[PDB]
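Notes follow once the structure below has been shown.
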Ligand code: SF4
Ligand code: SF4
Ligand code: SF4
Ligand code: SF4
Ligand code: FES
Ligand SMILES: [Zn+2]
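Written out as structure tokens, the structure reads:
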């Protein structure tokens, strides 16, 4: 079936046409050396290290670029291939600096490992080396450019993924070098992957500078919480401290990339931390005390309260275990005002159909889509990897993309319609020049972010979008396996709260104000003491003290995501779990343990003693939160829209601007990014 | 030394010290690395 | 004092055919009738359909809907709601 | 000779030390250099094998000549950057000469 | 140079001091705190800048061996000096 | 060449011929005969052929494998029969050495050979103490290297390096009590294995 | 290289402590017989296989050549 | 001479390991992710079993890293998930399992960087 | 499935070997507190034997039972022949350590003990 029979050291292989020698060797299991090649970048033939031998051929070919012809036999451990590798390594190390004991790319150096395996053991180069002027291209990336082996991975990454076109090669010959002809700074939402991609220590991370070496690190596998994507990540510790953060290949979410924020905000887990239970004094001051005192006092004030007077608010970065425990407690107390700091329409079917408030099209479905429509979002700064997949499609499979909202600097070119929502009804009717596109285009997609729903005009725009989705589905033919409507959050705990049955907003708290608040990770400032009685007993649970902790009565320190096993959920319903890397500092504990012990003290002893039991509770409440890595299809948008069509609420005139316009705002969006004294350097540098 | 003297370098001890295993000027170990985790301190005025 | 209903079901299985029929037939009517009630539709893979109904002060019940038809499922739904 | 230290915090000594006796912790110094904040050796773990001065690419850590350093507590044998630097300043007039003698054999 | 803290403790070449409220100061009672008084960060600053008539210069620290690996430094940026990552010395282009 | 090791094929020939010899005499109790690059002969067998094969090799006129150089065990926890057992044997009439291997697990013991070689009286006790492998028809079988109350088999791959308990003298009871293990410097786990293949000749297929 | 040097092996006759004592003594003597030859026949040349992927390189080569330094690093880590 | 015992296998009472470390634990079976620093894949070929991490605090005397869990540096290597899980069951540990995240096959075309009509055209060679 | 046995065919014969071993222990116990001047009472010793026996009651495999019998016999040898000592025998009672409280709260309050 259009396949070809190829030979690798004699063994036969079936390969598709256009496939390369390197790829065939990999399909067999063999692995060709590399310096300039990377699956996710364009192909170049610079390093000359992938050179192998073809039976009945005088010249060695490049495995990265030569598509495999039928009948070829490839000799990988042949004298010619090995001599080619030896010569190429000789040349590479001719002018390299002897900086291996200073080079933070020391125990991770592909050049080291390949010199040891495929290279010789001594030098015949008795001449003088060269040296290069070191650039300065940002506060995150350190540049020692006398180590560049001119592979172009940085240039290609920038031009293709990050859409920057500001790195390049100025000069020619050995006098050539890489970088910007000027003192420009390279500050993107993705700047920081050039570090992992540079095979050598020419580009390094200034934060991680000199702090450790690879063979010291213990590596745990976890996920991000900064955004709602769930980027798979590696946390590398040393003697109980978090040293850095790395990506981890998940080709259906992030595919080897992660964001500047979630790779350089690990410093915020070391500042303004809550270490001890705290309580209000008689002078109103906050003072340290013990778990017994704090929990007993909270339970005492709980035994004299119920119904609407008790309320719970949850912010971002909170775990589904803590959410389900707080619910299973405030429900035995009969206060069902459990709320989020982020909003989703309560009208219509609201949180009653999982087909809503999701990326029904798998994050990987952008690679099959044809038209994409964005409503009130800067995905370049909220869920940047979504924009990354969008650009990957825009590059490979000629994607059409349009944006309804403010003029923004997407990393790619896009069609602009207007900053007002009424274009939604305009389209649905047909008085628009975009119906022409939607009509000839199959497999369309329409995605809307929570930043527009945070408005007061939150549900009207969503219902307009739903009606437009129906009209598109009936005009341009599409099956019921292709999904069209999508919702995108900035928050990692939202989907979990909504699948556990929370009220997506604060309207209930503003309606029936409480007298006893449980606020958990709510360092936003939406609620404050200008909205409550003069005697509201408030318990702040969290891992930083930024906004909600000072205006507190009792404070219970908790554990961050690098310090607990906990489930989070991304915009597409993919449940993922962290893994403990560093136990919490001091008296800090796990939130579900805290709430369980609190209930035990009060007299409401919960049935959850272990994490497996809490997970079985999550299973009973919603059985998807334990099928990790697996998404679950949904088929009830017809009913969702049937209902939502009966919701009268008029849109307003003011446009729908995104809160994150410039990279200056991508940083400092959560308490960890406010605590990080590196995000501040980046902000300052930008300004 | 008289014929083959050492290399005159500063930061070399002029006065030699003998074993101090129990004298009051002995060696006491400690950690040279600063504090890692900085805690949160709230203000000294309520609400 | 009912406070919540949550249906847990499957797809591409016989056990959940009646529940899918119920969802397509009478769910919008139920919502418009009692709009302020939280009805949590939750589907997964290889489960046995259940209807967990939660009352006021921290209690709830359940009933297997496996191999049940849409009319029987509506019967059980109205039983619970009543 | 300038007086600047030699250890660049490369950790080869810590990685080769059979008894896992060397603990190191480094940082970038205010003058922008690779230098340690913490360098501890446990003499109740050292087997005195020399691998550390075989590995040091700068001749910064050396197993000197002295053998008369017994003590009365187990806590005076847990060395640190300060004690080791003091020993260096103390014995350099001899370590340097012995290294000048032997460095042509290694 | 060792400059003392409120508590009366000498500071090290890496800014270590037991907080006045710290119980770990006991080990120093009837005893001392071993500290080195020769700070490399200052002793190297006391050294002068070398000058060369070549835009590229090799450093080894002194003896071929007994020094450090030969590294090559660039001197095209007259704004600042060219520092060695091993020895700390710094050079200029004249 | 001056940096590579010489390579004589006469020994490879002799030992392959003797492998065929031994295997066709004992087609039963035999499997996986192999002679390696460095000219050493291994014979793998079934746990029911220990005494037969050892006796044959010791007494047979062509073999005279009298000396039991060593007895050993080896833990590979990824195979159902995880405890490889190795007898290294020596013959002086021929100036030759051989390796006889079998397999075992927990609950699946081996037959003792003190009847054949009496040196094993202590090697088998050592195996039982270290890897936890029983032997049938051993007069005395008891802790030899470990303490008297030690509970565990520490040369396995799942037993931790530092152990589970720790000893110290307590003045209250005036004895050397045991307690859980609390170290002041956790042993550091250096991850060294490289990502780049070093020997293609052993490249497993996918 | 023991195959290049001469020495006798003392054997006993009765298997007793006295015979073993005499054997160890004559072994201490054959050791001198071997040492005379080793000294007289000491050859010149290198001392460790010049395969820097097994045995580290010298320090001057380490401090002047890239490959030697890489090999030192990898061998000692 | 053969017997039939079909009941599940357990050696917990022979391992000598105690209750605290045989029931209060959680084991993880996985394939170590590739270090995005390097492009070698000779480390993503054998399954590995590790444990949950525990307290790792600071010594007051010297500042070292102290522990009480003796299974923090315990890592086991297997050639098959089935063998890993059998071993875990045998010993008596509650285990989580992860799947082998294999990369996708990719279409590469050096000619795509010079097209006359597409966007894959590259601006720097 | 089918297996090869060790020193038994069924749990009945295994249990009767176990009961013989218990006879031996129970009978010998006092001679230990006599020979080596232990403080504990024979009642405490016998309760400890019972506890250490019932600790392995769920066991079902004749082989897993025969091996435990073997090891108990090894211990009884080490004990009747005075190779163990007061220390090794008193290493059963744990007189110098408090146990992890079997209370979610007593754990939470001090540490992360789950
Ligand atoms: S990149 Fe760094 S570690 Fe690798 S060879 Fe160059 S200097 Fe050495
Ligand atoms: S800086 Fe790094 S990634 Fe960029 S061309 Fe040079 S070696 Fe390649
Ligand atoms: S001499 Fe001592 S400190 Fe140096 S490597 Fe050997 S054991 Fe470690
Ligand atoms: S003492 Fe030497 S080997 Fe050890 S870290 Fe410092 S420079 Fe490296
Ligand atoms: S990988 Fe082929 S030339 Fe670089
Ligand atoms: Zn220098």
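Protein chains in written order, with full-length UniProt numbering: chain Y, 29 to 715; chain G, 98 to 144; chain Z, 15 to 96; chain P, 107 to 212; chain L, 21 to 114; chain X, 43 to 248; chain V, 310 to 386; chain B, 51 to 175; chain H, 18 to 131.
Backbone N, C-alpha and C fix where the C-beta goes; we use that ideal spot for every residue, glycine too.
Residue closest to residue i, alpha-carbon to alpha-carbon, out of the options
i: residue 101 of chain B; options: B/112, B/86, B/119 and B/173; result: B/119
i: residue 171 of chain Y; options: Y/146, Y/210, Y/183 and Y/223; result: Y/223
i: residue 283 of chain Y; options: B/80, B/59, B/53 and B/84; result: B/84
i: residue 507 of chain Y; options: Y/471, Y/352 and Y/705; result: Y/471
i: residue 331 of chain V; options: V/319, V/340 and V/368; result: V/319
i: residue 86 of chain X; options: X/231, X/146, X/207 and X/188; result: X/146
i: residue 680 of chain Y; options: Y/451, Y/462 and Y/33; result: Y/451
i: residue 63 of chain L; options: G/103, G/108, G/101 and G/100; result: G/108
i: residue 664 of chain Y; options: Z/90, Z/56 and Z/87; result: Z/56
i: residue 643 of chain Y; options: Y/351, Y/324, Y/529 and Y/293; result: Y/351
Proximity of residue i and residue j at Cβ, strictly below 7 Å
i: residue 119 of chain X; j: residue 55 of chain X; result: no
i: residue 520 of chain Y; j: residue 344 of chain Y; result: yes
i: residue 285 of chain Y; j: residue 135 of chain Y; result: no
i: residue 81 of chain B; j: residue 150 of chain B; result: yes
i: residue 213 of chain Y; j: residue 165 of chain Y; result: yes
i: residue 405 of chain Y; j: residue 477 of chain Y; result: yes
i: residue 46 of chain L; j: residue 30 of chain L; result: no
i: residue 85 of chain Y; j: residue 49 of chain Y; result: no
i: residue 104 of chain Y; j: residue 173 of chain Y; result: no
i: residue 156 of chain B; j: residue 127 of chain B; result: no
i: residue 73 of chain Y; j: residue 93 of chain Y; result: yes
i: residue 624 of chain Y; j: residue 636 of chain Y; result: yes
Close Cβ partners of residue i (< 8 Å) along its chain, the five nearest in sequence each way excluded
i: residue 173 of chain X; result: 115, 117, 125, 195, 197 and 198
i: residue 261 of chain Y; result: 249, 250, 251, 252, 273, 274, 275, 276, 286 and 290
i: residue 152 of chain X; result: 89, 92, 127, 144, 146, 175, 176, 177 and 178
i: residue 103 of chain H; result: 53, 54 and 55
Cutoff 7 Å; reference residue i; Cβ partners in own chain excluding five residues on either side
i: residue 698 of chain Y; result: 254, 344 and 345
Same chain, Cβ closer than 6 Å to residue i, neighbours up to 5 away in sequence not counted
i: residue 560 of chain Y; result: 541
Contact belief for residue i with residue j at Cβ below 8 Å, rounded distance in angstroms
i: residue 25 of chain Y; j: residue 594 of chain Y; result: Coverage of chain Y is limited to positions 29 through 715, which leaves residue 25 of chain Y absent and any answer about it impossible.
i: residue 670 of chain Y; j: residue 21 of chain Z; result: The Cβ separation is near 18 Å, so there is no contact.
### Query
Is the stretch 110-119 of chain H close to the stretch 216-234 of chain X, with three or more CB pairs under 8 Å?
Contact holds: three or more Cβ-Cβ distances are below 8 Å.
### Message
With three or more C-beta pairs closer than 8 Å as the rule, is the stretch 181-200 of chain P touching the stretch 66-73 of chain B?
### Response
As far as the Cβ criterion goes, the stretch 66-73 of chain B does not touch the stretch 181-200 of chain P, which means the pair count is below three.
### Task
Assess, as a yes-or-no matter, whether the stretch 689-705 of chain Y is touched by the stretch 154-174 of chain P under the definition of 3 or more beta carbon pairs within less than 8 Å.
Contact between the stretch 154-174 of chain P and the stretch 689-705 of chain Y is absent, because fewer than three Cβ pairs lie under 8 Å.
### Query
So does the stretch 546-558 of chain Y actually touch the stretch 571-580 of chain Y, counting three or more Cβ pairs closer than 8 Å?
Because the criterion of three Cβ pairs below 8 Å is met, the stretch 546-558 of chain Y and the stretch 571-580 of chain Y touch.
### Query
Between the stretch 334-351 of chain V and the stretch 110-130 of chain Y, do at least 3 Cβ pairs fall closer than 8 Å?
Cβ pair count under 8 Å is below three, so no.
### Query
Three or more beta-carbon pairs under 8 Å between the stretch 158-173 of chain X and the stretch 367-386 of chain V, yes or no?
No, because fewer than three Cβ pairs between the stretch 158-173 of chain X and the stretch 367-386 of chain V fall closer than 8 Å, the two stretches do not touch.
### Cβ contact check for the stretch 102-110 of chain B and the stretch 63-74 of chain Y: 3 or more pairs under 8 Å
Short answer: they don't touch.
### Message
Quick test of the definition: if touching needs 3 or more C-beta pairs under 8 Å, does the stretch 361-379 of chain Y touch the stretch 600-617 of chain Y?
### Response
Contact fails: fewer than three Cβ-Cβ distances are below 8 Å.
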